[PDB]
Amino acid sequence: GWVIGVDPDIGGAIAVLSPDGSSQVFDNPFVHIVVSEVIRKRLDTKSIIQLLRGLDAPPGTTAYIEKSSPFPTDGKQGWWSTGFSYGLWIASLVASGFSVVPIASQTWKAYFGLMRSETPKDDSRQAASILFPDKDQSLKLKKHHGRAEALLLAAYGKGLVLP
């Protein structure tokens, strides 16, 4: 039936697959914030909750969210933001009535044969283009790799296969 896929980071996206095969994918809402006298991007909490409440996906629809797992070599700000984004999305999802299933990025990448690519973000958009050809126009730029990741997460949860 209905499946949600969430790529939670600041350039991420939420994809929504309906039972008739149609699909939506929305860039993650964000605002610009002053932190320690510079500008940072931070996810827009009220807009995310508004987006989720506007979905036609019925209550109880499963939302596959990519597990936050920053590298030990990522900096502490990277650890903080990935932590922050993950919690914001998990709480927004649970509160809006969806069942959250965290999925490791290795899990859906292996399902689609995408591990060890030397061009992983191009390949993700490529695979999402094939699974969702009406979204090909929305996946042409390299910055669209979060849209692809959300789409493939939902594709994984629905059990779609590449031809």
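All residue numbers refer to positions in the sequence shown, first residue = 1.
* According to the deposited model, is the average Cα temperature factor higher in 116 to 124 or in 95 to 103? -> According to the PDB entry, the answer is 116 to 124.
* For the stretches 135 to 143 and 149 to 157, which has the higher mean C-alpha B-factor as given in the deposited record? -> Here the higher of the two C-alpha B-factor means belongs to 135 to 143.
* Options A63, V35, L43, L51 - largest CA temperature factor per the record -> Most elevated C-alpha B-factor of the set, per the entry: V35.
* Determine, from the deposited record, the chain-internal third of the Cα B-factor for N28: lowest, middle or highest. => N28: CA B-factor falls in the lowest third of its chain.
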